[PDB]
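Structure first, commentary second.
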Amino acid sequence: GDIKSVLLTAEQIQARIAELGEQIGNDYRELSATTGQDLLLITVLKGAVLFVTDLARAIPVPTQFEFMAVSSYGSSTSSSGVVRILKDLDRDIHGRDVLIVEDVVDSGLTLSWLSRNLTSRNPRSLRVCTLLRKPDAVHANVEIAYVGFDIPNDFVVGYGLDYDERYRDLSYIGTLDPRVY
Amino acid sequence: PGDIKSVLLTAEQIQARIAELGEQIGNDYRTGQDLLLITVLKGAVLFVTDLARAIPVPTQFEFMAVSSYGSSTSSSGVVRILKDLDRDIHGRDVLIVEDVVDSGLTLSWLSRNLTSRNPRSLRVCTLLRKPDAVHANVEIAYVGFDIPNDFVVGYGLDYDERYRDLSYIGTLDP
Amino acid sequence: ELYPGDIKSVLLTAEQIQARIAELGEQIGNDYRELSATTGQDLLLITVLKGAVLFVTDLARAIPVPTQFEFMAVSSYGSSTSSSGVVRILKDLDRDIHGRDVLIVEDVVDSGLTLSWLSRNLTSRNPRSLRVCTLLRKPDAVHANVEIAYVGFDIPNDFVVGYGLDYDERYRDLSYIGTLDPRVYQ
Amino acid sequence: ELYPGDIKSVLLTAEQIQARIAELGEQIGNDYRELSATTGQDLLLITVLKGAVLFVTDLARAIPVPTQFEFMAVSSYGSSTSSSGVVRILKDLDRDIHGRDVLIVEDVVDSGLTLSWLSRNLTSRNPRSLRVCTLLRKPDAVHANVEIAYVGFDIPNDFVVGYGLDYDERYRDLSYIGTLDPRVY
Ligand SMILES: Nc1nc2c(ncn2[C@@H]2CNC[C@@H]2OCP(=O)(O)O)c(=O)[nH]1
Ligand SMILES: Nc1nc2c(ncn2[C@@H]2CNC[C@@H]2OCP(=O)(O)O)c(=O)[nH]1
Ligand SMILES: Nc1nc2c(ncn2[C@@H]2CNC[C@@H]2OCP(=O)(O)O)c(=O)[nH]1
Ligand SMILES: Nc1nc2c(ncn2[C@@H]2CNC[C@@H]2OCP(=O)(O)O)c(=O)[nH]1
Ligand SMILES: [Mg+2]
Ligand SMILES: [Mg+2]
Ligand SMILES: [Mg+2]
Ligand SMILES: [Mg+2]
Ligand SMILES: [Mg+2]
Ligand SMILES: [Mg+2]
Ligand SMILES: [Mg+2]
Ligand SMILES: [Mg+2]
């Protein structure tokens with residue numbers, strides 16, 4: 001069982017993803033025309049891989065994929081969000097129109113740090129699209145242009161999100177019964 | 001946009017088989033811990049996301065990034081690992097999820113590589129199978145669709161990192 | 001001896017290199033002879049693989065204060081690396097450099113483009129201090145805008161190999177630095 | 001001097017280490033002499049970061065035949081690393097070793113599990129040859145099943161630091177190899 005409640009059903013998620021796709025799509029409409037390049041989705045492994053595969057199919061504009069793998073350092077990652085790069089971008093993003101695809105944004109320390117990092121590669125444009133936004137996503141030195149859902153503070157799992165590498169494969173997002181934590 | 005010459009399999013055709021072998025895979029794996037899907041970036045991310053939701057038993061994700069050496073990865077297997085597995089797979093029930101198997105040289109090497117980590121079991125599930133999965137020799141337990149010898153794109157598959165985001169698989173016009 | 005015919009002329013002898021490194025060791029040592037007390041942490045040598053491995057191993061032994069190693073591996077992106085300096089990271093630092101006194105150890109600074117990007121990358125991790133120590137500096141480093149506190153040798157614009165420096169992964173194991181005969185170029 | 005009151009005793013001095021490497025180099029050089037002729041490629045030194053970095057820089061300078069460098073970076077998975085030797089690859093070889101004459105350069109061989117795992121891994125890339133040279137060998141390496149062609153010193157089982165070898169990332173920069181005062185652990 002260990003699912004205490006269903007926060008967001010599969011139907012609700014896929015409905016808003018098609019919604020975000022249209023919005024993102026017309027904002028970057030005319031890209032493949034003016035620049036000749038596609039909208040580039042950058043995703044940090046691995047909580048947002050389910051989201052990015054669905055989102056890209058919802059975007060009515062040519063879309064490329066790019067993945068990063070990162071790892072925490074320890075006692076200061078929780079303070080500055082500086083994170084270890086295990087897998088960098090395969091391609092350069094110079095003069096590219098880049099959209100960071102996130103699963104959740106809470107502290108936003110890491111996202112803030114990633115933004116500054118990707119900025120140093122000098123892209124043509126850069127903003128963030130998150131599926132879920134927690135109450136305290138108001139701090140984080142980073143503006144989010146696209147938000148899927150504004151969710152409560154309690155820990156959620158499903159649809160890419162995990163607890164000890166579990167529950168990622170669920171089509172819905174929900175909360176765990178505290179007996180598992 | 002006038003570059004796709006042929007559509008091989010529509011989005012509906014794809015989702016059906018995935019739900020099919022997904023139920024098939026789920027029953028075969030119905031150790032005490034979850035089934036582990038391993039994918040090599042980037043071509044099979046759309047397949048592994050859809051597949052995992054189709055497999056009716058608990059399923060975990062793990063990704064590898066690899067790179068070519070050139071005159072030998074052409075010659076045979078052995079690729080450069082850019083990103084290794086996050087966790088050790090000893091005693092795990094592992095399913096290699098690939099997009100397409102052609103020469104199968106890279107697949108042959110990874111299988112031999114992943115075997116050395118002592119998994120409890122190791123099988124392969126590919127969405128597409130080209131002319132010649134006969135030439136190589138890793139037992140592919142699951143095949144979505146066996147396709148002819150022409151270059152395909154779509155549904156995660158690319159040509160110079162394009163056309164990955166398309167919901168269907170098709171053929172390119174030169 | 002090792003590579004008959006490919007080395008046109010010797011630029012820096014093994015003894016020349018070692019003497020300068022012993023000098024660099026004392027100078028750096030005096031500049032950081034304070035860290036054990038005040039900060040409590042060791043001088044951290046960050047080196048990008050792999051032209052400067054021979055240099056950093058000799059240098060670390062020539063520095064009379066406690067010294068730690070960190071290695072990075074990077075890769076070129078293409079014409080973008082040669083324009084902005086941005087490189088693909090293949091191997092990052094094992095540990096965060098927050099509040100650490102950091103000394104970048106380089107083999108050669110020419111255009112200095114990748115060094116510039118790297119230093120900006122490392123600074124964003126808020127080290128306590130950050131400086132650069134190169135073995136060789138070439139004339140085009142004048143237009144690089146990276147400040148180098150420690151320079152082993154200023155040399156001409158000719159292409160050199162030896163002491164960690166390569167051409168197609170060769171000549172790194174030479175105890176001395178020299179120039180290549182054009183028979184090797186083409 | 002460098003670490004005032006941390007080193008209990010000196011096991012191997014700098015001069016002793018350099019003297020031993022010099023013979024190792026010439027020995028390896030004699031065995032790989034007909035390389036620049038027969039195959040026409042250089043002896044390839046492969047080192048896992050980062051305990052053996054000082055050793056390979058000196059060794060490559062002590063070997064009288066052309067040698068190239070290759071570096072790997074690995075991480076521990078956990079208890080499986082300590083049982084099977086299998087490690088996470090953080091940094092792989094830059095070039096393929098197909099048809100290469102490869103010498104794995106190690107700092108210390110104790111259990112030899114990761115070394116054994118590495119050997120089998122590199123063997124699968126079809127090298128022309130593959131051997132192991134380590135600076136130090138401990139008594140428990142006899143239980144290891146990997147063959148070691150070249151050994152600098154056989155030492156006791158005591159934990160040593162210096163010359164690349166560490167304790168919590170310190171003492172790598174020592175030119176000598178010594179034993180730690182338990183007032184450090
Ligand atoms: N699966 C799951 N993970 C969560 C949740 N909230 C925080 N996290 C994670 C905590 N560390 C990273 C990640 O949040 C991203 P960040 O804004 O940088 O703090 C959650 O509800 N579900
Ligand atoms: N997008 C797309 N790529 C293809 C196709 N056939 C081969 N490929 C690729 C060529 N290099 C690797 C990959 O498959 C060969 P393998 O090593 O056996 O896995 C194809 O129909 N479409
Ligand atoms: N072996 C050897 N390599 C060299 C030489 N000059 C430049 N290089 C290298 C060219 N790519 C990196 C390195 O230049 C450093 P930088 O231009 O500042 O980024 C040289 O004389 N010998
Ligand atoms: N600094 C230092 N490290 C040591 C020592 N003995 C073992 N080690 C290490 C323990 N983990 C890796 C290495 O052992 C090599 P192996 O057991 O063959 O795989 C030692 O005397 N000093
Ligand atoms: Mg995320
Ligand atoms: Mg997680
Ligand atoms: Mg594939
Ligand atoms: Mg492809
Ligand atoms: Mg350099
Ligand atoms: Mg070089
Ligand atoms: Mg070792
Ligand atoms: Mg250590």
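FYI, nothing fancy with the structure tokens labels: chains A, B, ... in order, residues from 1 per chain, ligands from 1 as they appear.
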
Set the cut-off to 7 Å, count only C-alpha atoms and all ligand atoms, and list whatever residues fall near ligand 2 as a ChimeraX atom specification. /B:100-107,150-153,157-159

Just N, CA and C atoms for this one: save the residues we selected as a CSV table (one decimal), in the first residue's frame.
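part.csv written:
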chain,number,residue,atom,x,y,z
B,100,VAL,N,17.0,0.4,-30.4
B,100,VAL,CA,17.2,-0.4,-31.6
B,100,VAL,C,18.4,-1.2,-31.5
B,101,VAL,N,18.4,-2.5,-32.0
B,101,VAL,CA,19.5,-3.3,-32.1
B,101,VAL,C,19.9,-3.6,-33.5
B,102,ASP,N,21.0,-3.1,-34.0
B,102,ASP,CA,21.5,-3.3,-35.4
B,102,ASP,C,22.7,-4.3,-35.4
B,103,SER,N,23.9,-3.7,-35.5
B,103,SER,CA,25.1,-4.6,-35.4
B,103,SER,C,25.2,-5.3,-34.1
B,104,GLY,N,24.7,-4.6,-33.0
B,104,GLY,CA,24.6,-5.2,-31.7
B,104,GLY,C,26.0,-5.3,-31.0
B,105,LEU,N,27.0,-4.6,-31.6
B,105,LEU,CA,28.3,-4.6,-31.1
B,105,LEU,C,28.4,-4.0,-29.7
B,106,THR,N,27.8,-2.8,-29.6
B,106,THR,CA,27.8,-2.1,-28.3
B,106,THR,C,27.0,-2.9,-27.3
B,107,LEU,N,25.9,-3.5,-27.7
B,107,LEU,CA,25.1,-4.3,-26.8
B,107,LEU,C,25.9,-5.6,-26.3
B,150,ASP,N,16.4,-0.1,-43.1
B,150,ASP,CA,16.5,1.3,-43.4
B,150,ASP,C,16.6,2.2,-42.2
B,151,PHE,N,17.3,3.3,-42.3
B,151,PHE,CA,17.5,4.2,-41.1
B,151,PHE,C,16.2,4.8,-40.7
B,152,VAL,N,15.9,4.7,-39.4
B,152,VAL,CA,14.7,5.2,-38.9
B,152,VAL,C,14.9,6.3,-37.9
B,153,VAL,N,13.9,7.2,-37.7
B,153,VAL,CA,14.0,8.2,-36.7
B,153,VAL,C,12.7,8.4,-36.0
B,157,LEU,N,14.6,8.3,-31.1
B,157,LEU,CA,15.7,8.1,-32.1
B,157,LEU,C,15.9,9.4,-32.8
B,158,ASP,N,17.2,9.6,-33.2
B,158,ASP,CA,17.6,10.9,-33.8
B,158,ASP,C,18.4,10.8,-35.1
B,159,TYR,N,18.6,12.0,-35.7
B,159,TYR,CA,19.6,12.2,-36.7
B,159,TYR,C,20.2,13.5,-36.5

Can you check which parts of chain B lie within 12 Å of chain C? Per residue, the shortest pair of atoms and distance in Å to one decimal, counting only C-alpha atoms, sorted by chain and number, as JSON lines.
{"residue": "B:65", "atom": "CA", "partner": "C:90", "partner_atom": "CA", "distance": 11.5}
{"residue": "B:66", "atom": "CA", "partner": "C:90", "partner_atom": "CA", "distance": 11.8}
{"residue": "B:67", "atom": "CA", "partner": "C:90", "partner_atom": "CA", "distance": 11.6}
{"residue": "B:80", "atom": "CA", "partner": "C:90", "partner_atom": "CA", "distance": 11.2}
{"residue": "B:81", "atom": "CA", "partner": "C:90", "partner_atom": "CA", "distance": 10.1}
{"residue": "B:82", "atom": "CA", "partner": "C:90", "partner_atom": "CA", "distance": 7.1}
{"residue": "B:83", "atom": "CA", "partner": "C:90", "partner_atom": "CA", "distance": 9.1}
{"residue": "B:84", "atom": "CA", "partner": "C:90", "partner_atom": "CA", "distance": 11.9}

Interface, chain D side, toward chain C (7 Å; only C-alpha atoms) as number ranges by chain: D: 2, 54, 57, 60-61, 64-68, 90-91, 169-170, 172-175

I need the alpha helix (DSSP H) residues of chain D per DSSP on the backbone, written as a PyMOL selection string. chain D and resi 14-31+35-38+53-62+81-84+113-123

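The residues of chain D lying at most 10 Å from chain B, with only C-alpha atoms taken into account, are residues 74, 76, 77, 78, 79, 80, 81, 84, 85, 86, 87, 88, 89, 90, 91, 92, 93, 94, 95, 96, 97, 98, 117, 120, 121, 122, 124, 125 and 126 of chain D.
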
List as JSON, numbers by chain the protein and nucleic acid residues near residue 135 of chain D, meaning an atom at most 10 Å away when only C-alpha atoms are counted, but skip any in the same chain fewer than 2 places from it. {"D": [17, 20, 21, 24, 52, 55, 56, 59, 105, 106, 107, 108, 109, 133, 137, 150, 151, 152, 153, 154, 155]}

Write out the residues from the selection above, keeping N, CA and C atoms, as a CSV table (one decimal), in the first residue's frame.
chain,number,residue,atom,x,y,z
D,17,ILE,N,63.3,5.1,-2.3
D,17,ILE,CA,62.2,5.0,-3.2
D,17,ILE,C,62.7,5.3,-4.7
D,20,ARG,N,64.9,2.5,-6.0
D,20,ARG,CA,64.2,1.3,-6.4
D,20,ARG,C,63.4,1.5,-7.7
D,21,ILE,N,62.9,2.7,-7.9
D,21,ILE,CA,62.2,3.0,-9.2
D,21,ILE,C,63.1,3.0,-10.3
D,24,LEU,N,63.5,-0.5,-11.3
D,24,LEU,CA,62.2,-1.0,-11.9
D,24,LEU,C,62.1,-0.5,-13.3
D,52,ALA,N,48.7,6.7,-6.9
D,52,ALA,CA,49.8,6.2,-7.6
D,52,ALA,C,50.3,7.3,-8.6
D,55,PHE,N,54.1,8.0,-8.2
D,55,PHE,CA,54.9,6.8,-8.6
D,55,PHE,C,55.0,6.7,-10.1
D,56,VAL,N,53.9,7.0,-10.8
D,56,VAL,CA,53.9,6.8,-12.3
D,56,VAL,C,54.6,8.0,-13.0
D,59,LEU,N,58.2,6.8,-12.4
D,59,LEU,CA,58.4,5.5,-13.1
D,59,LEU,C,58.6,5.8,-14.6
D,105,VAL,N,49.8,0.6,-13.3
D,105,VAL,CA,50.7,1.1,-12.3
D,105,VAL,C,49.9,1.3,-11.0
D,106,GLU,N,50.2,0.6,-10.0
D,106,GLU,CA,49.6,0.7,-8.7
D,106,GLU,C,50.5,1.2,-7.6
D,107,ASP,N,49.9,1.8,-6.6
D,107,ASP,CA,50.6,2.2,-5.4
D,107,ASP,C,50.8,1.1,-4.4
D,108,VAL,N,49.7,0.5,-4.0
D,108,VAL,CA,49.7,-0.6,-3.0
D,108,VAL,C,48.8,-1.7,-3.4
D,109,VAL,N,49.3,-3.0,-3.3
D,109,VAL,CA,48.4,-4.1,-3.5
D,109,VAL,C,48.2,-4.8,-2.1
D,133,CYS,N,52.4,-3.5,-12.4
D,133,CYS,CA,53.6,-3.0,-11.6
D,133,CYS,C,53.0,-2.2,-10.4
D,137,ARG,N,53.7,-4.0,-2.0
D,137,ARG,CA,52.9,-5.2,-1.9
D,137,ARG,C,52.8,-5.6,-0.4
D,150,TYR,N,55.8,-6.8,-11.6
D,150,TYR,CA,56.8,-6.0,-11.0
D,150,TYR,C,56.4,-5.4,-9.6
D,151,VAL,N,57.3,-5.6,-8.7
D,151,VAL,CA,57.0,-5.1,-7.3
D,151,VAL,C,58.2,-4.3,-6.8
D,152,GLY,N,57.9,-3.0,-6.3
D,152,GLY,CA,58.9,-2.2,-5.7
D,152,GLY,C,59.4,-2.8,-4.4
D,153,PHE,N,58.5,-2.8,-3.4
D,153,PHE,CA,58.8,-3.3,-2.1
D,153,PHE,C,57.7,-4.2,-1.6
D,154,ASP,N,58.1,-5.2,-0.9
D,154,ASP,CA,57.1,-5.9,0.0
D,154,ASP,C,57.2,-5.3,1.4
D,155,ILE,N,56.1,-4.9,1.9
D,155,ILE,CA,56.1,-4.2,3.2
D,155,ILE,C,55.1,-5.0,4.2

Identify all chain C residues at most 12 Å from chain A by counting only C-alpha atoms; ligands do not count. Present them as JSON, numbers by chain. {"C": [72, 73, 74, 75, 76, 77, 78, 79, 80, 81, 82, 83, 84, 85, 86, 87, 88, 89, 90, 91, 92, 93, 94, 95, 96, 97, 98, 99, 116, 117, 118, 119, 120, 121, 122, 123, 124, 125, 126, 127]}

How would the residues just picked look written out with N, CA and C atoms as a short mmCIF file (atom, residue, chain, number, x, y, z; two decimals), in the first residue's frame?
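result_26.cif, freshly written:
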data_model
loop_
_atom_site.label_atom_id
_atom_site.label_comp_id
_atom_site.auth_asym_id
_atom_site.auth_seq_id
_atom_site.Cartn_x
_atom_site.Cartn_y
_atom_site.Cartn_z
N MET C 72 41.16 17.32 -12.33
CA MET C 72 40.02 17.45 -13.21
C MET C 72 40.36 16.86 -14.56
N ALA C 73 39.37 16.27 -15.21
CA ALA C 73 39.51 15.89 -16.61
C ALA C 73 38.47 16.65 -17.42
N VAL C 74 38.91 17.31 -18.48
CA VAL C 74 37.99 18.05 -19.33
C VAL C 74 38.11 17.59 -20.78
N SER C 75 37.18 18.05 -21.60
CA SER C 75 37.16 17.71 -23.01
C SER C 75 36.69 18.90 -23.83
N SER C 76 37.13 18.98 -25.07
CA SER C 76 36.73 20.07 -25.95
C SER C 76 35.32 19.85 -26.49
N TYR C 77 34.61 20.94 -26.74
CA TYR C 77 33.29 20.86 -27.35
C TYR C 77 33.38 21.04 -28.86
N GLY C 78 34.42 21.73 -29.31
CA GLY C 78 34.64 21.95 -30.72
C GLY C 78 35.19 23.34 -31.00
N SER C 79 34.52 24.07 -31.88
CA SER C 79 34.92 25.44 -32.20
C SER C 79 34.45 26.39 -31.11
N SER C 80 33.68 25.85 -30.16
CA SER C 80 33.14 26.63 -29.07
C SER C 80 34.11 26.68 -27.89
N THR C 81 34.90 25.63 -27.76
CA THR C 81 35.96 25.60 -26.77
C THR C 81 37.06 26.57 -27.19
N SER C 82 37.30 26.64 -28.49
CA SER C 82 38.35 27.49 -29.03
C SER C 82 37.89 28.94 -29.19
N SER C 83 36.67 29.23 -28.76
CA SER C 83 36.12 30.58 -28.89
C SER C 83 35.75 31.17 -27.53
N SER C 84 35.20 30.34 -26.64
CA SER C 84 34.76 30.81 -25.33
C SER C 84 35.62 30.23 -24.22
N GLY C 85 36.20 29.06 -24.46
CA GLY C 85 37.01 28.39 -23.46
C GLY C 85 36.24 27.31 -22.74
N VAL C 86 34.92 27.31 -22.93
CA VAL C 86 34.05 26.33 -22.27
C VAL C 86 34.42 24.90 -22.67
N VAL C 87 34.63 24.06 -21.67
CA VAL C 87 35.00 22.67 -21.91
C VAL C 87 34.02 21.72 -21.24
N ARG C 88 33.89 20.52 -21.81
CA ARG C 88 33.09 19.47 -21.22
C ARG C 88 33.82 18.89 -20.02
N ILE C 89 33.16 18.82 -18.88
CA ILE C 89 33.77 18.22 -17.70
C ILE C 89 33.57 16.70 -17.71
N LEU C 90 34.67 15.96 -17.73
CA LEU C 90 34.63 14.50 -17.72
C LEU C 90 34.88 13.97 -16.31
N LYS C 91 35.60 14.76 -15.52
CA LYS C 91 35.93 14.40 -14.15
C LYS C 91 36.04 15.67 -13.30
N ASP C 92 35.10 15.81 -12.38
CA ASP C 92 35.02 16.99 -11.52
C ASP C 92 35.84 16.77 -10.25
N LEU C 93 35.94 17.81 -9.42
CA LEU C 93 36.61 17.69 -8.14
C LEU C 93 35.89 16.68 -7.25
N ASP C 94 36.66 15.92 -6.48
CA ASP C 94 36.09 14.93 -5.57
C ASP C 94 35.40 15.60 -4.39
N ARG C 95 35.94 16.75 -3.98
CA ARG C 95 35.43 17.45 -2.81
C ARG C 95 35.26 18.94 -3.10
N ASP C 96 34.31 19.56 -2.40
CA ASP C 96 34.04 20.99 -2.58
C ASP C 96 35.20 21.83 -2.05
N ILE C 97 35.46 22.95 -2.71
CA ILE C 97 36.58 23.81 -2.34
C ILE C 97 36.13 25.01 -1.52
N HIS C 98 34.95 24.90 -0.91
CA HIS C 98 34.41 25.99 -0.11
C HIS C 98 35.33 26.33 1.05
N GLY C 99 35.77 27.59 1.10
CA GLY C 99 36.64 28.06 2.17
C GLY C 99 38.05 27.51 2.10
N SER C 116 40.82 30.70 -18.11
CA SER C 116 39.92 31.78 -17.73
C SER C 116 38.57 31.22 -17.31
N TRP C 117 38.03 30.33 -18.12
CA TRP C 117 36.75 29.70 -17.84
C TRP C 117 36.81 28.87 -16.56
N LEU C 118 37.89 28.10 -16.41
CA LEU C 118 38.06 27.25 -15.24
C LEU C 118 38.12 28.05 -13.95
N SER C 119 38.93 29.10 -13.94
CA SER C 119 39.08 29.96 -12.77
C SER C 119 37.75 30.57 -12.35
N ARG C 120 36.97 31.00 -13.34
CA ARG C 120 35.64 31.54 -13.07
C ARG C 120 34.74 30.45 -12.52
N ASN C 121 34.91 29.23 -13.04
CA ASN C 121 34.14 28.09 -12.55
C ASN C 121 34.46 27.81 -11.09
N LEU C 122 35.74 27.79 -10.76
CA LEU C 122 36.17 27.46 -9.41
C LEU C 122 35.81 28.55 -8.40
N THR C 123 35.93 29.81 -8.82
CA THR C 123 35.61 30.94 -7.95
C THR C 123 34.15 30.90 -7.51
N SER C 124 33.28 30.45 -8.41
CA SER C 124 31.86 30.34 -8.12
C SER C 124 31.56 29.32 -7.02
N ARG C 125 32.56 28.51 -6.66
CA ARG C 125 32.41 27.56 -5.56
C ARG C 125 32.89 28.18 -4.25
N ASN C 126 33.13 29.49 -4.30
CA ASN C 126 33.61 30.27 -3.16
C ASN C 126 34.80 29.66 -2.41
N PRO C 127 35.95 29.53 -3.09
CA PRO C 127 37.16 29.20 -2.35
C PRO C 127 37.56 30.37 -1.46
#

Let me see if you get this right: every residue at most 10 Å from ligand 6, counting only C-alpha atoms and all ligand atoms, written as a ChimeraX atom specification. /A:45-48,103,157,160-166,168

Hey, list the chain B side of the contact with chain A: 12 Å cut-off, only C-alpha atoms, answer as a PyMOL selection string. chain B and resi 1+11+33-37+39-67+81-87+154-168

Residues within 8 Å of residue 10 of chain C, only C-alpha atoms, excluding chain neighbours under 3 positions, as a ChimeraX atom specification: /C:7,13,176-179

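Pocket residues of ligand 12, taken as those with any atom at most 7 Å away using only C-alpha atoms and all ligand atoms, are residues 51, 165, 166, 167, 168 and 169 of chain D.
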
Could you write those residues out with N, CA and C atoms, as an mmCIF file, in the first residue's frame?
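As a result, result_17.cif now contains:
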data_model
loop_
_atom_site.group_PDB
_atom_site.id
_atom_site.type_symbol
_atom_site.label_atom_id
_atom_site.label_comp_id
_atom_site.auth_asym_id
_atom_site.auth_seq_id
_atom_site.Cartn_x
_atom_site.Cartn_y
_atom_site.Cartn_z
ATOM 1 N N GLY D 51 46.360 7.660 -5.722
ATOM 2 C CA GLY D 51 47.455 7.278 -4.849
ATOM 3 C C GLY D 51 48.755 6.959 -5.565
ATOM 4 N N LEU D 165 50.353 8.092 -1.118
ATOM 5 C CA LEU D 165 49.451 7.404 -0.195
ATOM 6 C C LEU D 165 48.922 8.364 0.863
ATOM 7 N N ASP D 166 47.654 8.207 1.222
ATOM 8 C CA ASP D 166 46.985 9.192 2.063
ATOM 9 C C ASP D 166 46.368 8.638 3.340
ATOM 10 N N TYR D 167 45.970 9.564 4.205
ATOM 11 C CA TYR D 167 44.992 9.298 5.248
ATOM 12 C C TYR D 167 44.069 10.506 5.338
ATOM 13 N N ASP D 168 42.836 10.334 4.868
ATOM 14 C CA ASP D 168 41.875 11.430 4.751
ATOM 15 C C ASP D 168 42.462 12.553 3.894
ATOM 16 N N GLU D 169 42.987 12.162 2.734
ATOM 17 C CA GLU D 169 43.505 13.069 1.705
ATOM 18 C C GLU D 169 44.786 13.813 2.085
#
